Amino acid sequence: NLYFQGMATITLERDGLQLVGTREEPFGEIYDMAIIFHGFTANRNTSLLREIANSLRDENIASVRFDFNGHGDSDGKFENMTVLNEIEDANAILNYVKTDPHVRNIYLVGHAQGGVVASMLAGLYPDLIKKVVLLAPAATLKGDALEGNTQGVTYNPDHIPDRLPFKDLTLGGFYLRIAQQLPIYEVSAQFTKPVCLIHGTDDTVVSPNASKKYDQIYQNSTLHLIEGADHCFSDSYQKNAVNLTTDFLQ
């Protein structure tokens, strides 16, 4: 605002879970605010999401970035996380933003699974969200679940176990059952305002096809396929992903 600029730690509640975020507070009385969503097994402070927030703040656009339930500093077990209770988290954060009287327009920015959270959130709030940016949005998480292969890790898609080991973590059977029947496109397509879609052509975690499908379902989308970029927009592509996002929001 006019008196404090820079970062602050903010905590919210969603059903007796506490969610821990970082607010990037710009100069100015009135401003636009982006809610930024990290991906699966990630947290609010990846390089991509840090640089996103920072670039946004340099253009006077506020932001908040939170750890989803079961990730980062936020409460709850990873095994109990699903895309749906992430939407619930995202709604608790949308409550916080929409009641700050500094905020003018609200933007949603999500990477990977946080892109699916963003796109379905905007589809529930198409009357409130103004612009949305999706980076490598992971709608393919639904097909992976129908196939029985989530990021290497395999199961029978018709006999899903109670839990699945997944690196050093424990993934919940319910995550996968919800994943198989997520109405991603059905919900996301309710949002008819400006969408920015950024995806790397060398993404091997989430097919570019995912962004090509989002480009079909939105009537107001712009698609950027970044030649050579990976899933994380690593190395030289990160600045590319970050300027696209910033440019679009202004």
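For the two forms, the rigid core is made up of the largest set of C-alpha atoms that agree within 1.5 Å on superposition. Start at 1 and count along the sequence shown; that's the residue number.
Root-mean-square C-alpha deviation from the shown form, taken over all structures in 4 other deposited structures of this protein superposed by the rigid core, is larger for 152 to 160 than for the alternative among 129 to 137 and 152 to 160. Between 93 to 101 and 165 to 173, greater CA displacement relative to the shown form is found for 165 to 173 when the structures in 4 other deposited structures of this protein are fitted on the core. Relative to its counterpart among 165 to 173 and 93 to 101, 165 to 173 has the higher mean temperature factor, C-alpha atoms as listed in the PDB entry. For the two regions 156 to 164 and 113 to 121, the entry's Cα B-factors average higher over 156 to 164. Ranking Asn69, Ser188, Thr201, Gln181 by the C-alpha B-factor listed in the PDB entry places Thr201 at the top. Remark: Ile10 belongs to the middle third of its chain, ranked by C-alpha B-factor as recorded. Looking at the C-alpha B-factors along this chain, the one for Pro137 belongs to the lowest third. Placement of the Cα temperature factor of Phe37 within the chain: lowest third of the modelled residues, per the deposited record.
Ranked by Cα temperature factor within the chain, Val64 sits in the lowest third according to the deposited record. For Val195, the recorded CA temperature factor ranks within the lowest third of the chain's modelled residues.
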